[PDB]
Amino acid sequence: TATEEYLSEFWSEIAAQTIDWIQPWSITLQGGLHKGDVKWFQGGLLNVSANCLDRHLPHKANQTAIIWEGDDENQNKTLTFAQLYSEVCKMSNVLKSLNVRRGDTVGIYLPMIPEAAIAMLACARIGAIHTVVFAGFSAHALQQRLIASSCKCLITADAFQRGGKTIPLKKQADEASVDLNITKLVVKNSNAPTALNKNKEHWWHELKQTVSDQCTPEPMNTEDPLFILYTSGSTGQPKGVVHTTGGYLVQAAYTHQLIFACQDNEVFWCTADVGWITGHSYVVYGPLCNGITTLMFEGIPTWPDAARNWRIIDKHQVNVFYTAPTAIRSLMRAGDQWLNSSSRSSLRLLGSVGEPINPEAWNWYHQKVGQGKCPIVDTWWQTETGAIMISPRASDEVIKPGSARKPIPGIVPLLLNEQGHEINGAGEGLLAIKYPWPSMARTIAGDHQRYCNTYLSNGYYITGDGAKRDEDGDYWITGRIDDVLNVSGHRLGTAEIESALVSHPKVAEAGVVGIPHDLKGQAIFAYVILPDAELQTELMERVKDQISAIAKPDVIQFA
Ligand SMILES: CCOP(=O)(O)OC[C@H]1O[C@@H](n2cnc3c(N)ncnc32)[C@H](O)[C@@H]1O
């Protein structure tokens, strides 16, 4: 109330400093968490791509905007801001010549190549709502998101390299799009010939030549939807988490600068795929809005070997490195010897996102990777918060391995006890947020009631996480207290694993849970009510083909 005026005025001041406005706003904050009618910067006009491209020209026109490294180490690309601006303007005009209009949903099924950032930004320039589907998702998983989003246009690619092997991405898109009325825009990511159906599918490198390189950015309302991310929950199939335009970009860009403090001459490398929220906020939108060079890597941390990340960090002089504890633990399982070939002297800051980091992995990250010279910002947040919420600062003394420390400014977390009351001082319980914040997800696509029932309780936002808070006010995130899983860094739901199992003809009922696993964090344990080991393999095969390899059950227990 009075607190809300303080938060309103704080965020209003951040919005006017952080991003360019086509038109200023008239009401900073409106609505709240009791009703779930939160509105930020109502009356304002802006465009996300203008903040990430146009406004950096021409002073940073020749600064590298995106460094790209291929799974094959000999494959490298850079795009300056001027180059990236023209690529986005062209793909905007290509989408409009394909009938994509403001407020249409556009599907994106791309690997970590520059065209993934261009596709997102091009949707943002024209007011389309992109829905990025993780390119490691199977055809069935892609297909279910295309039906749920009702998108008429899908941006995808022929193939890409992961580890040694080629991933047939276009075949999976075709399988997913069979009985749907989808126009495909296809990026040629191979030197190998590919044959398209000319009626409904188009080559990007051809259509780019049919359109102008200038495209006026849409003047977007702050509450226009920017994108949908299909996200696993504790009940049911993944739901479409809707983020809007104004508050999302304000807090994504502000927290990127507040936590990582990159200067115009530095290289920032977050390893998250664009298919997850971390890829949205801290690979594409946050860094490019701040005018900071961001790095996109196509492959995996262990190919050709467990030294790959540091060879990339030395090759491009990465200064800030932001990755997941699953990757940290697997590289330290590989052995400290893989740290001996590199220098890593360009690094000044390490980051951790996506799951708790245990002290053994924090110390290995700090002493060995960072050589003792880098703070570790352990950032807690979620898809539904849109941006970092609780995090150490680089400026802070380096202490408490495994603690996310204090909320960022303008954010009020709290703990609730088993009877629903707010815990004062030191304790533990349910992690919640007390007041609205600019980058909060605004609804579930189609079912705002399911959004309110799932996230809003007695005027608070319910994270679904447990936490401790010590005598200093520092937070310690213990993990999901609901049924949501964290498996090798991926947020997963039991419902999609259960239905993928039961759709097998021999399976009648299934029950999936998570058990502790040292390398994966959680391993997927499935109870299956059908009887051999041959069937365990085909039932693990069923889950990989329905969802992804990441969701494959690690133990199948027949009941
Ligand atoms: C940005 C990823 O967003 P999501 O994929 O939506 O996962 C969100 C869920 O990951 C977990 N989590 C994320 N960061 C941390 C962290 N620093 N320490 C501990 N746990 C963390 C937590 O359970 C949260 O609710």
# chains A, B, ... in the order shown; residues from 1 in each chain; ligands from 1
call {"tool": "residues_near_ligand", "arguments": {"ligand": "ligand 1", "cutoff": "9 Å", "atoms": "only C-alpha atoms and all ligand atoms", "output": "number ranges by chain"}}
result
A: 231-232, 276-279, 324-325, 352-357, 377-388, 390-391, 402-404, 463-466, 476-481, 484-486, 489-492
call {"tool": "write_last_selection", "arguments": {"atoms": "C-alpha atoms", "output": "mmCIF file, in the first residue's frame"}}
result
data_model
loop_
_atom_site.group_PDB
_atom_site.id
_atom_site.type_symbol
_atom_site.label_atom_id
_atom_site.label_comp_id
_atom_site.auth_asym_id
_atom_site.auth_seq_id
_atom_site.Cartn_x
_atom_site.Cartn_y
_atom_site.Cartn_z
ATOM 1 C CA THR A 231 6.169 -25.203 -18.668
ATOM 2 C CA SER A 232 5.756 -28.294 -16.513
ATOM 3 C CA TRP A 276 13.834 -22.490 -21.366
ATOM 4 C CA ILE A 277 13.169 -19.181 -19.616
ATOM 5 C CA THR A 278 16.850 -18.660 -18.775
ATOM 6 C CA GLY A 279 17.549 -18.683 -22.516
ATOM 7 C CA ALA A 324 23.626 -24.861 -14.363
ATOM 8 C CA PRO A 325 24.749 -27.047 -11.430
ATOM 9 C CA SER A 352 24.624 -20.635 -11.138
ATOM 10 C CA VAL A 353 20.923 -21.061 -12.078
ATOM 11 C CA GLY A 354 18.239 -23.723 -12.128
ATOM 12 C CA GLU A 355 18.657 -25.896 -9.018
ATOM 13 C CA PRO A 356 20.384 -25.921 -5.636
ATOM 14 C CA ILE A 357 24.172 -26.054 -5.794
ATOM 15 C CA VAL A 377 26.098 -15.385 -8.122
ATOM 16 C CA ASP A 378 23.657 -18.206 -7.244
ATOM 17 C CA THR A 379 20.458 -16.780 -8.756
ATOM 18 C CA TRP A 380 17.083 -18.178 -7.747
ATOM 19 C CA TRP A 381 14.005 -17.532 -9.917
ATOM 20 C CA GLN A 382 11.413 -19.332 -12.100
ATOM 21 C CA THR A 383 9.721 -19.243 -15.499
ATOM 22 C CA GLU A 384 6.805 -17.517 -13.804
ATOM 23 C CA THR A 385 8.971 -14.762 -12.322
ATOM 24 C CA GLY A 386 10.455 -13.879 -15.731
ATOM 25 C CA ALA A 387 13.695 -12.615 -14.205
ATOM 26 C CA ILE A 388 16.190 -13.127 -11.375
ATOM 27 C CA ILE A 390 17.056 -13.625 -5.197
ATOM 28 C CA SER A 391 20.799 -13.511 -5.783
ATOM 29 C CA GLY A 402 24.673 -22.765 -1.539
ATOM 30 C CA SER A 403 22.820 -19.615 -0.422
ATOM 31 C CA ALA A 404 20.999 -17.357 -2.867
ATOM 32 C CA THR A 463 6.575 -20.299 -5.715
ATOM 33 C CA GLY A 464 6.192 -24.014 -5.008
ATOM 34 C CA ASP A 465 9.648 -24.038 -3.361
ATOM 35 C CA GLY A 466 10.702 -24.517 0.226
ATOM 36 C CA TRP A 476 18.598 -21.060 1.223
ATOM 37 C CA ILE A 477 16.430 -22.723 -1.441
ATOM 38 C CA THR A 478 15.800 -26.392 -0.684
ATOM 39 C CA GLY A 479 13.802 -27.314 -3.804
ATOM 40 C CA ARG A 480 10.282 -28.022 -4.979
ATOM 41 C CA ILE A 481 7.817 -28.853 -2.213
ATOM 42 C CA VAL A 484 7.486 -30.733 -9.958
ATOM 43 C CA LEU A 485 10.737 -32.506 -10.799
ATOM 44 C CA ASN A 486 14.252 -31.208 -11.505
ATOM 45 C CA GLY A 489 18.597 -29.321 -14.745
ATOM 46 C CA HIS A 490 15.213 -29.644 -16.523
ATOM 47 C CA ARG A 491 11.933 -28.769 -14.831
ATOM 48 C CA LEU A 492 9.604 -31.725 -15.556
#
call {"tool": "select_by_dssp", "arguments": {"residues": "segment 288-376 of chain A", "states": "helix (DSSP H, G or I)", "output": "VMD selection string"}}
result
chain A and resid 288 to 289 308 to 316 325 to 334 336 to 339 359 to 369
call {"tool": "residues_around", "arguments": {"residues": "segment 134-139 of chain A", "least_positions_apart": "6", "cutoff": "12 Å", "atoms": "only C-alpha atoms", "output": "PDB file with N, CA, C and O atoms, in the first residue's frame"}}
result
ATOM      1  N   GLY A 107       5.378 -20.515 -33.837  1.00  0.00           N
ATOM      2  CA  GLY A 107       6.186 -21.558 -33.227  1.00  0.00           C
ATOM      3  C   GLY A 107       7.633 -21.473 -33.687  1.00  0.00           C
ATOM      4  O   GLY A 107       7.924 -21.157 -34.840  1.00  0.00           O
ATOM      5  N   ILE A 108       8.550 -21.749 -32.754  1.00  0.00           N
ATOM      6  CA  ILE A 108       9.984 -21.737 -33.020  1.00  0.00           C
ATOM      7  C   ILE A 108      10.574 -23.057 -32.535  1.00  0.00           C
ATOM      8  O   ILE A 108      10.508 -23.374 -31.340  1.00  0.00           O
ATOM      9  N   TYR A 109      11.151 -23.820 -33.463  1.00  0.00           N
ATOM     10  CA  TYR A 109      11.750 -25.127 -33.200  1.00  0.00           C
ATOM     11  C   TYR A 109      13.152 -25.078 -33.814  1.00  0.00           C
ATOM     12  O   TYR A 109      13.378 -25.570 -34.923  1.00  0.00           O
ATOM     13  N   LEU A 110      14.086 -24.461 -33.091  1.00  0.00           N
ATOM     14  CA  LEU A 110      15.416 -24.156 -33.589  1.00  0.00           C
ATOM     15  C   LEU A 110      16.470 -24.605 -32.586  1.00  0.00           C
ATOM     16  O   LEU A 110      16.209 -24.631 -31.378  1.00  0.00           O
ATOM     17  N   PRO A 111      17.678 -24.985 -33.061  1.00  0.00           N
ATOM     18  CA  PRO A 111      18.775 -25.253 -32.126  1.00  0.00           C
ATOM     19  C   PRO A 111      19.458 -23.953 -31.747  1.00  0.00           C
ATOM     20  O   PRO A 111      18.973 -22.872 -32.095  1.00  0.00           O
ATOM     21  N   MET A 112      20.582 -24.033 -31.042  1.00  0.00           N
ATOM     22  CA  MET A 112      21.302 -22.834 -30.620  1.00  0.00           C
ATOM     23  C   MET A 112      22.162 -22.349 -31.784  1.00  0.00           C
ATOM     24  O   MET A 112      23.369 -22.597 -31.864  1.00  0.00           O
ATOM     25  N   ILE A 113      21.495 -21.671 -32.717  1.00  0.00           N
ATOM     26  CA  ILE A 113      22.132 -20.997 -33.847  1.00  0.00           C
ATOM     27  C   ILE A 113      21.595 -19.574 -33.889  1.00  0.00           C
ATOM     28  O   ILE A 113      20.542 -19.281 -33.296  1.00  0.00           O
ATOM     29  N   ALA A 116      17.878 -18.522 -34.054  1.00  0.00           N
ATOM     30  CA  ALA A 116      16.954 -18.623 -32.924  1.00  0.00           C
ATOM     31  C   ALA A 116      16.738 -17.261 -32.275  1.00  0.00           C
ATOM     32  O   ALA A 116      15.600 -16.883 -31.972  1.00  0.00           O
ATOM     33  N   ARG A 145       2.453 -28.874 -28.517  1.00  0.00           N
ATOM     34  CA  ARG A 145       2.569 -27.437 -28.308  1.00  0.00           C
ATOM     35  C   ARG A 145       2.031 -26.635 -29.490  1.00  0.00           C
ATOM     36  O   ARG A 145       1.484 -25.545 -29.285  1.00  0.00           O
ATOM     37  N   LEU A 146       2.138 -27.167 -30.718  1.00  0.00           N
ATOM     38  CA  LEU A 146       1.591 -26.466 -31.876  1.00  0.00           C
ATOM     39  C   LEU A 146       0.067 -26.459 -31.846  1.00  0.00           C
ATOM     40  O   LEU A 146      -0.559 -25.465 -32.225  1.00  0.00           O
ATOM     41  N   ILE A 155       8.792 -21.747 -37.405  1.00  0.00           N
ATOM     42  CA  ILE A 155      10.162 -21.492 -37.838  1.00  0.00           C
ATOM     43  C   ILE A 155      11.026 -22.638 -37.319  1.00  0.00           C
ATOM     44  O   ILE A 155      11.026 -22.932 -36.118  1.00  0.00           O
ATOM     45  N   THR A 156      11.748 -23.302 -38.217  1.00  0.00           N
ATOM     46  CA  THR A 156      12.531 -24.474 -37.845  1.00  0.00           C
ATOM     47  C   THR A 156      13.742 -24.551 -38.772  1.00  0.00           C
ATOM     48  O   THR A 156      14.035 -23.610 -39.518  1.00  0.00           O
ATOM     49  N   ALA A 157      14.456 -25.674 -38.722  1.00  0.00           N
ATOM     50  CA  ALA A 157      15.715 -25.832 -39.438  1.00  0.00           C
ATOM     51  C   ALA A 157      15.815 -27.259 -39.949  1.00  0.00           C
ATOM     52  O   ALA A 157      15.126 -28.157 -39.464  1.00  0.00           O
ATOM     53  N   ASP A 158      16.703 -27.464 -40.923  1.00  0.00           N
ATOM     54  CA  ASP A 158      16.915 -28.807 -41.461  1.00  0.00           C
ATOM     55  C   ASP A 158      17.473 -29.760 -40.403  1.00  0.00           C
ATOM     56  O   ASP A 158      16.933 -30.854 -40.196  1.00  0.00           O
ATOM     57  N   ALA A 159      18.558 -29.369 -39.733  1.00  0.00           N
ATOM     58  CA  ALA A 159      19.301 -30.258 -38.838  1.00  0.00           C
ATOM     59  C   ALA A 159      20.302 -29.430 -38.029  1.00  0.00           C
ATOM     60  O   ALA A 159      20.434 -28.217 -38.219  1.00  0.00           O
ATOM     61  N   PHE A 160      21.013 -30.106 -37.125  1.00  0.00           N
ATOM     62  CA  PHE A 160      22.106 -29.501 -36.371  1.00  0.00           C
ATOM     63  C   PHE A 160      22.918 -30.622 -35.734  1.00  0.00           C
ATOM     64  O   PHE A 160      22.495 -31.781 -35.713  1.00  0.00           O
ATOM     65  N   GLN A 161      24.104 -30.261 -35.229  1.00  0.00           N
ATOM     66  CA  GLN A 161      25.029 -31.198 -34.595  1.00  0.00           C
ATOM     67  C   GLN A 161      24.919 -31.110 -33.076  1.00  0.00           C
ATOM     68  O   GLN A 161      24.985 -30.016 -32.508  1.00  0.00           O
ATOM     69  N   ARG A 162      24.769 -32.257 -32.420  1.00  0.00           N
ATOM     70  CA  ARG A 162      24.935 -32.354 -30.975  1.00  0.00           C
ATOM     71  C   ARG A 162      25.887 -33.506 -30.707  1.00  0.00           C
ATOM     72  O   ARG A 162      25.632 -34.634 -31.142  1.00  0.00           O
ATOM     73  N   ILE A 167      21.246 -34.232 -35.771  1.00  0.00           N
ATOM     74  CA  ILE A 167      19.886 -34.363 -35.255  1.00  0.00           C
ATOM     75  C   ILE A 167      18.921 -33.985 -36.373  1.00  0.00           C
ATOM     76  O   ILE A 167      18.955 -32.836 -36.837  1.00  0.00           O
ATOM     77  N   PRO A 168      18.054 -34.898 -36.830  1.00  0.00           N
ATOM     78  CA  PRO A 168      17.140 -34.609 -37.964  1.00  0.00           C
ATOM     79  C   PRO A 168      15.941 -33.758 -37.552  1.00  0.00           C
ATOM     80  O   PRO A 168      14.814 -34.222 -37.372  1.00  0.00           O
ATOM     81  N   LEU A 169      16.191 -32.453 -37.414  1.00  0.00           N
ATOM     82  CA  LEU A 169      15.196 -31.565 -36.821  1.00  0.00           C
ATOM     83  C   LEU A 169      14.005 -31.362 -37.750  1.00  0.00           C
ATOM     84  O   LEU A 169      12.859 -31.293 -37.290  1.00  0.00           O
ATOM     85  N   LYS A 170      14.262 -31.275 -39.061  1.00  0.00           N
ATOM     86  CA  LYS A 170      13.205 -31.011 -40.034  1.00  0.00           C
ATOM     87  C   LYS A 170      12.242 -32.185 -40.146  1.00  0.00           C
ATOM     88  O   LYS A 170      11.028 -31.987 -40.307  1.00  0.00           O
ATOM     89  N   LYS A 171      12.762 -33.414 -40.089  1.00  0.00           N
ATOM     90  CA  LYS A 171      11.883 -34.578 -40.100  1.00  0.00           C
ATOM     91  C   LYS A 171      10.928 -34.552 -38.913  1.00  0.00           C
ATOM     92  O   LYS A 171       9.735 -34.834 -39.058  1.00  0.00           O
ATOM     93  N   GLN A 172      11.423 -34.172 -37.739  1.00  0.00           N
ATOM     94  CA  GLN A 172      10.563 -34.127 -36.564  1.00  0.00           C
ATOM     95  C   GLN A 172       9.508 -33.030 -36.690  1.00  0.00           C
ATOM     96  O   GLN A 172       8.352 -33.231 -36.301  1.00  0.00           O
ATOM     97  N   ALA A 173       9.880 -31.873 -37.252  1.00  0.00           N
ATOM     98  CA  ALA A 173       8.895 -30.829 -37.530  1.00  0.00           C
ATOM     99  C   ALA A 173       7.822 -31.316 -38.497  1.00  0.00           C
ATOM    100  O   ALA A 173       6.633 -31.046 -38.293  1.00  0.00           O
ATOM    101  N   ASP A 174       8.225 -32.019 -39.567  1.00  0.00           N
ATOM    102  CA  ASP A 174       7.266 -32.518 -40.561  1.00  0.00           C
ATOM    103  C   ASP A 174       6.280 -33.494 -39.931  1.00  0.00           C
ATOM    104  O   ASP A 174       5.066 -33.410 -40.161  1.00  0.00           O
ATOM    105  N   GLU A 175       6.797 -34.450 -39.149  1.00  0.00           N
ATOM    106  CA  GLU A 175       5.932 -35.384 -38.431  1.00  0.00           C
ATOM    107  C   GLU A 175       4.944 -34.642 -37.541  1.00  0.00           C
ATOM    108  O   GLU A 175       3.755 -34.983 -37.504  1.00  0.00           O
ATOM    109  N   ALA A 176       5.417 -33.616 -36.826  1.00  0.00           N
ATOM    110  CA  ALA A 176       4.553 -32.851 -35.943  1.00  0.00           C
ATOM    111  C   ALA A 176       3.490 -32.049 -36.687  1.00  0.00           C
ATOM    112  O   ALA A 176       2.438 -31.779 -36.106  1.00  0.00           O
ATOM    113  N   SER A 177       3.723 -31.676 -37.947  1.00  0.00           N
ATOM    114  CA  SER A 177       2.868 -30.735 -38.657  1.00  0.00           C
ATOM    115  C   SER A 177       1.929 -31.392 -39.654  1.00  0.00           C
ATOM    116  O   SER A 177       1.208 -30.675 -40.359  1.00  0.00           O
ATOM    117  N   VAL A 178       1.906 -32.724 -39.718  1.00  0.00           N
ATOM    118  CA  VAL A 178       1.214 -33.468 -40.767  1.00  0.00           C
ATOM    119  C   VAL A 178      -0.222 -32.998 -40.972  1.00  0.00           C
ATOM    120  O   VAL A 178      -0.568 -32.475 -42.040  1.00  0.00           O
ATOM    121  N   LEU A 229       5.652 -19.770 -22.994  1.00  0.00           N
ATOM    122  CA  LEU A 229       6.558 -20.884 -22.738  1.00  0.00           C
ATOM    123  C   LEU A 229       5.776 -22.023 -22.108  1.00  0.00           C
ATOM    124  O   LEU A 229       5.244 -21.868 -21.006  1.00  0.00           O
ATOM    125  N   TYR A 230       5.732 -23.173 -22.776  1.00  0.00           N
ATOM    126  CA  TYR A 230       5.054 -24.320 -22.185  1.00  0.00           C
ATOM    127  C   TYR A 230       5.954 -24.907 -21.104  1.00  0.00           C
ATOM    128  O   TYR A 230       7.124 -25.205 -21.348  1.00  0.00           O
ATOM    129  N   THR A 231       5.409 -25.017 -19.894  1.00  0.00           N
ATOM    130  CA  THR A 231       6.169 -25.203 -18.668  1.00  0.00           C
ATOM    131  C   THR A 231       5.510 -26.294 -17.844  1.00  0.00           C
ATOM    132  O   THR A 231       4.290 -26.276 -17.655  1.00  0.00           O
ATOM    133  N   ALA A 272      22.214 -21.527 -21.094  1.00  0.00           N
ATOM    134  CA  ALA A 272      20.862 -22.061 -21.207  1.00  0.00           C
ATOM    135  C   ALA A 272      20.376 -22.051 -22.651  1.00  0.00           C
ATOM    136  O   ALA A 272      20.644 -21.118 -23.414  1.00  0.00           O
ATOM    137  N   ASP A 273      19.639 -23.093 -23.014  1.00  0.00           N
ATOM    138  CA  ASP A 273      18.977 -23.148 -24.309  1.00  0.00           C
ATOM    139  C   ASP A 273      17.850 -22.119 -24.368  1.00  0.00           C
ATOM    140  O   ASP A 273      17.267 -21.748 -23.345  1.00  0.00           O
ATOM    141  N   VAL A 274      17.567 -21.631 -25.583  1.00  0.00           N
ATOM    142  CA  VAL A 274      16.454 -20.707 -25.783  1.00  0.00           C
ATOM    143  C   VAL A 274      15.127 -21.353 -25.431  1.00  0.00           C
ATOM    144  O   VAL A 274      14.139 -20.643 -25.218  1.00  0.00           O
ATOM    145  N   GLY A 275      15.071 -22.689 -25.400  1.00  0.00           N
ATOM    146  CA  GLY A 275      13.857 -23.428 -25.091  1.00  0.00           C
ATOM    147  C   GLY A 275      13.382 -23.290 -23.660  1.00  0.00           C
ATOM    148  O   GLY A 275      12.236 -23.658 -23.387  1.00  0.00           O
ATOM    149  N   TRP A 276      14.211 -22.768 -22.748  1.00  0.00           N
ATOM    150  CA  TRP A 276      13.834 -22.490 -21.366  1.00  0.00           C
ATOM    151  C   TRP A 276      13.880 -20.991 -21.090  1.00  0.00           C
ATOM    152  O   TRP A 276      14.430 -20.209 -21.868  1.00  0.00           O
ATOM    153  N   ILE A 277      13.309 -20.601 -19.944  1.00  0.00           N
ATOM    154  CA  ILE A 277      13.169 -19.181 -19.616  1.00  0.00           C
ATOM    155  C   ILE A 277      14.530 -18.509 -19.496  1.00  0.00           C
ATOM    156  O   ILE A 277      14.709 -17.365 -19.928  1.00  0.00           O
ATOM    157  N   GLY A 279      17.143 -19.065 -21.172  1.00  0.00           N
ATOM    158  CA  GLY A 279      17.549 -18.683 -22.516  1.00  0.00           C
ATOM    159  C   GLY A 279      16.857 -17.425 -23.006  1.00  0.00           C
ATOM    160  O   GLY A 279      17.456 -16.615 -23.724  1.00  0.00           O
ATOM    161  N   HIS A 280      15.585 -17.247 -22.633  1.00  0.00           N
ATOM    162  CA  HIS A 280      14.854 -16.042 -23.013  1.00  0.00           C
ATOM    163  C   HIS A 280      15.474 -14.810 -22.364  1.00  0.00           C
ATOM    164  O   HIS A 280      15.823 -13.834 -23.040  1.00  0.00           O
ATOM    165  N   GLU A 298      26.261 -24.201 -29.702  1.00  0.00           N
ATOM    166  CA  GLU A 298      25.352 -25.181 -30.286  1.00  0.00           C
ATOM    167  C   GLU A 298      25.372 -26.519 -29.553  1.00  0.00           C
ATOM    168  O   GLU A 298      24.347 -27.215 -29.523  1.00  0.00           O
ATOM    169  N   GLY A 299      26.516 -26.908 -28.992  1.00  0.00           N
ATOM    170  CA  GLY A 299      26.757 -28.266 -28.534  1.00  0.00           C
ATOM    171  C   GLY A 299      26.606 -28.441 -27.039  1.00  0.00           C
ATOM    172  O   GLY A 299      25.808 -27.758 -26.388  1.00  0.00           O
ATOM    173  N   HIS A 490      16.477 -29.924 -15.847  1.00  0.00           N
ATOM    174  CA  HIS A 490      15.213 -29.644 -16.523  1.00  0.00           C
ATOM    175  C   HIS A 490      14.040 -29.748 -15.559  1.00  0.00           C
ATOM    176  O   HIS A 490      13.889 -30.755 -14.861  1.00  0.00           O
ATOM    177  N   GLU A 541      11.879 -46.252 -24.054  1.00  0.00           N
ATOM    178  CA  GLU A 541      11.804 -45.736 -25.418  1.00  0.00           C
ATOM    179  C   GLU A 541      10.516 -44.961 -25.640  1.00  0.00           C
ATOM    180  O   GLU A 541      10.514 -43.934 -26.327  1.00  0.00           O
ATOM    181  N   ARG A 542       9.410 -45.437 -25.067  1.00  0.00           N
ATOM    182  CA  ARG A 542       8.146 -44.731 -25.234  1.00  0.00           C
ATOM    183  C   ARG A 542       8.230 -43.315 -24.670  1.00  0.00           C
ATOM    184  O   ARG A 542       7.726 -42.366 -25.282  1.00  0.00           O
ATOM    185  N   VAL A 543       8.884 -43.142 -23.520  1.00  0.00           N
ATOM    186  CA  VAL A 543       8.920 -41.813 -22.918  1.00  0.00           C
ATOM    187  C   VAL A 543       9.818 -40.880 -23.724  1.00  0.00           C
ATOM    188  O   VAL A 543       9.470 -39.717 -23.951  1.00  0.00           O
ATOM    189  N   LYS A 544      10.964 -41.378 -24.199  1.00  0.00           N
ATOM    190  CA  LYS A 544      11.850 -40.546 -25.015  1.00  0.00           C
ATOM    191  C   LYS A 544      11.152 -40.061 -26.282  1.00  0.00           C
ATOM    192  O   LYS A 544      11.283 -38.890 -26.661  1.00  0.00           O
ATOM    193  N   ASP A 545      10.410 -40.950 -26.952  1.00  0.00           N
ATOM    194  CA  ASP A 545       9.720 -40.590 -28.185  1.00  0.00           C
ATOM    195  C   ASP A 545       8.497 -39.712 -27.941  1.00  0.00           C
ATOM    196  O   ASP A 545       8.099 -38.966 -28.839  1.00  0.00           O
ATOM    197  N   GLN A 546       7.885 -39.788 -26.758  1.00  0.00           N
ATOM    198  CA  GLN A 546       6.744 -38.926 -26.457  1.00  0.00           C
ATOM    199  C   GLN A 546       7.189 -37.535 -26.021  1.00  0.00           C
ATOM    200  O   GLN A 546       6.543 -36.535 -26.361  1.00  0.00           O
ATOM    201  N   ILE A 547       8.267 -37.454 -25.249  1.00  0.00           N
ATOM    202  CA  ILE A 547       8.689 -36.206 -24.632  1.00  0.00           C
ATOM    203  C   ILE A 547      10.074 -35.825 -25.137  1.00  0.00           C
ATOM    204  O   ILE A 547      10.212 -35.095 -26.129  1.00  0.00           O
ATOM    205  N   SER A 548      11.104 -36.318 -24.454  1.00  0.00           N
ATOM    206  CA  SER A 548      12.492 -36.103 -24.846  1.00  0.00           C
ATOM    207  C   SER A 548      13.351 -37.139 -24.136  1.00  0.00           C
ATOM    208  O   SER A 548      12.892 -37.839 -23.229  1.00  0.00           O
ATOM    209  N   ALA A 549      14.609 -37.237 -24.572  1.00  0.00           N
ATOM    210  CA  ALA A 549      15.561 -38.089 -23.866  1.00  0.00           C
ATOM    211  C   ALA A 549      15.693 -37.687 -22.401  1.00  0.00           C
ATOM    212  O   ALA A 549      15.857 -38.555 -21.535  1.00  0.00           O
ATOM    213  N   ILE A 550      15.575 -36.386 -22.104  1.00  0.00           N
ATOM    214  CA  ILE A 550      15.777 -35.878 -20.745  1.00  0.00           C
ATOM    215  C   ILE A 550      14.759 -36.459 -19.769  1.00  0.00           C
ATOM    216  O   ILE A 550      15.037 -36.573 -18.567  1.00  0.00           O
ATOM    217  N   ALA A 551      13.576 -36.835 -20.258  1.00  0.00           N
ATOM    218  CA  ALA A 551      12.488 -37.341 -19.427  1.00  0.00           C
ATOM    219  C   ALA A 551      12.475 -38.862 -19.291  1.00  0.00           C
ATOM    220  O   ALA A 551      11.594 -39.398 -18.609  1.00  0.00           O
ATOM    221  N   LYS A 552      13.423 -39.561 -19.914  1.00  0.00           N
ATOM    222  CA  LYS A 552      13.421 -41.020 -19.896  1.00  0.00           C
ATOM    223  C   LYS A 552      13.557 -41.530 -18.463  1.00  0.00           C
ATOM    224  O   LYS A 552      14.459 -41.091 -17.736  1.00  0.00           O
TER     225      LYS A 552
END
call {"tool": "residues_around", "arguments": {"residues": "segment 536-538 of chain A", "least_positions_apart": "5", "cutoff": "9 Å", "atoms": "only C-alpha atoms", "output": "compact mmCIF listing (two decimals) with C-alpha atoms, in the first residue's frame"}}
result
# COMPACT_ATOMS: atom_id res chain seq x y z
CA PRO A 531 6.85 -58.34 -17.53
CA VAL A 543 8.92 -41.81 -22.92
CA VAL A 555 14.15 -46.94 -13.06
CA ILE A 556 11.00 -48.83 -14.07
CA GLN A 557 9.40 -50.78 -11.21
CA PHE A 558 6.60 -53.15 -12.26
call {"tool": "closest_residue", "arguments": {"among": "A:439, A:23, A:251, A:49", "to": "residue 92 of chain A", "atoms": "only C-alpha atoms"}}
result
A:49
call {"tool": "select_by_dssp", "arguments": {"residues": "segment 230-465 of chain A", "states": "strand (DSSP E)", "output": "MDAnalysis selection string"}}
result
chainID A and resid 230:231 239:244 267:270 293:297 320:323 349:353 376:379 413:416 427:433 443:444 456:457 460:465
call {"tool": "residues_around", "arguments": {"residues": "residue 54 of chain A", "least_positions_apart": "2", "cutoff": "10 Å", "atoms": "only C-alpha atoms", "output": "PyMOL selection string"}}
result
chain A and resi 47-52+56-58+61+81-82+84-86+217
call {"tool": "residues_around", "arguments": {"residues": "residue 322 of chain A", "least_positions_apart": "5", "cutoff": "6 Å", "atoms": "only C-alpha atoms", "output": "ChimeraX atom specification"}}
result
/A:270,350-352
call {"tool": "residues_around", "arguments": {"residues": "residue 182 of chain A", "least_positions_apart": "6", "cutoff": "8 Å", "atoms": "only C-alpha atoms", "output": "JSON, numbers by chain"}}
result
{"A": [151, 152, 153, 154, 200]}
